[PDB]
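The data below hold one chain only, encoded as C-alpha cells and taken in the form solved without this ligand.
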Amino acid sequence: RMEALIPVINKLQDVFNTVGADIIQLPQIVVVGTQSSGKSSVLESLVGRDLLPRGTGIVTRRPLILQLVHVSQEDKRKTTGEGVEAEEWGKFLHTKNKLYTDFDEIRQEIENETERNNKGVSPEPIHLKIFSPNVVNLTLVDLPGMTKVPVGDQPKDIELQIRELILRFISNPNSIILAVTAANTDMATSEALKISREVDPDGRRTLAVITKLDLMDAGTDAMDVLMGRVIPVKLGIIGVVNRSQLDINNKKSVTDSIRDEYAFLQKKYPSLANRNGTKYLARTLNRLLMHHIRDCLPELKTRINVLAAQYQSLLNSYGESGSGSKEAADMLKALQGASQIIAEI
C-alpha cells in the first residue's frame, strides 16, 4: 500500500537539517509541553522503554527528532562491541551509521549532544532513529519543555529563548502540534495550549494529550475534557496514564504500565476507554501523520521545485570564500537529494 510515506519524510528530515528544513515546511508532528507535563513519559511509552535523559542537571535543552521505525521481529543485529542478537537498536545522524544496541549508551548519547553562540539553547535538532518491532511508524520533533508558569513569573531569562524555539517549529504551516498537558493542572490555562493558539487560533492542527489522569484531586475527573467539552482543539483529545518516576526507579516495564493504564481507563472512564490510552495514541498518530503527509505531498514536491529555481536566481544575483553563495549552493544540493527521494516514490 502507498501509505509508506513516513520513511520518505524521514529521509527528507535528514537531507536538510544543516541547510535548514524550516523553509521546506515538512509535514511533521511537533511535541509541545512543559517540564512537569510528563512529556518524556509520553515519548518513552511509544518507544516502549527508557530512552530520554532522566537526570536534569543543566541539559536536555535541544530539539530531538525521534524517528520510530517499525521492523519485523526477525530483523536483528549483532550487539555493539564485538554474538547474542539485539532485537532493537538505534542510529544517530551525527554518528552516521554507528550502531547502538545498548539503550543506556543511546540515552547517554542523547545527553552527550544536548550539552556540547548557543547560550543554553541550540536550535540544531538531534536526529535519532529507533528500530524496534514494538513501535509503530511515527516521527515526533520533541521540543524543550517550558516552565509551568508564564515567562514573567520566573527569573531565568533563558525561557524567552525556549518559546522562541518552540514558535520556530510550530510556525510551520504543515506541522501538527501535539500539546501535552497534565490533568492535575488548570487545563484552561495550560502553557502548551496557550502557545499553540498563537500560530493556530482554532484547533485546526492541534491534538491535545492529557497526562497523569490518576494524579487528579479527590472527587473530580477529566470526563468533561476527554469528551471534547473544555479544550477547543479539533484533531482530538486523548488521555493517557504514563509511567511515573517511581515506576521507572522500580524498573516497571512499559508493557506493565499500558496494561495498568487500560485497567484505570475501564474503571474510571468506561464509556471512553476505547478512544484513550497509549495504544490508541500510537495508532491515531500513525494514521494522522500518514494522512497528513499524503495531503501535503503534492504541495511539497512543488515547493522543492520552486525553491531550487529561486535559489538558482539568488546565486546569479550574488554574481561570481563567499558565505552567502556557499549557503545557497549547499541548499541547492539538498534540494537535489530531496527531489531524488520524492522521485523514487
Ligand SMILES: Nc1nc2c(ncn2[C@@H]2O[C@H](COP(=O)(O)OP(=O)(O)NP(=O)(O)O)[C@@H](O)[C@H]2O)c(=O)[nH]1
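One-based numbering along the sequence shown. Take the two forms, find the largest set of C-alpha atoms that superpose within 1.5 Å, and that set is the rigid core. Residues that one form lacks are left out of the comparison.
Below: the form solved in complex with this ligand, not depicted.
A.B. asks: Tell me which of 196-204, 102-110, 151-159, 211-219 has residues with heavy atoms within 4.5 angstroms of this ligand in the entry with it bound?
C.D. replies: Only one stretch qualifies here: 211-219.
A.B. asks: Within a 4.5 Å heavy atom cut-off, is residue 242 in contact with this ligand in the entry with it bound?
C.D. replies: Yes.
A.B. asks: Is there any non-hydrogen atom of residue 283 lying within 4.5 Å of this ligand in the entry with it bound?
C.D. replies: Answer no; every heavy atom of residue 283 is more than 4.5 Å from this ligand in the entry with it bound.
A.B. asks: With the partner left out of view, is residue 27 within 4.5 angstroms of this ligand in the entry with it bound by any non-hydrogen atom?
C.D. replies: Heavy-atom contact with this ligand at 4.5 Å: absent for residue 27.
A.B. asks: Would residue 36 count as touching this ligand in the entry with it bound under a 4.5 Å heavy atom rule?
C.D. replies: Yes - in the entry with it bound, heavy atoms of residue 36 and this ligand come within 4.5 Å of each other.
A.B. asks: Go through 301, 54, 279, 49 and name the one with a heavy atom inside 4.5 Å of this ligand in the entry with it bound.
C.D. replies: Among 301, 54, 279, 49, a heavy atom within 4.5 Å of this ligand in the entry with it bound occurs only for 54.
A.B. asks: Looking at 297, 52, 59, 288, which has a Cα shift of 2 angstroms or more between this form and the one not shown when the rigid core is held fixed?
C.D. replies: Everything else stays below 2 Å; the exception is 59.
A.B. asks: Once the rigid core is fitted, tell me which blocks of three or more consecutive residues have Cα atoms all displaced by 2 Å or more between this form and the one not shown.
C.D. replies: Only this run moves by 2 Å or more: 55-59.
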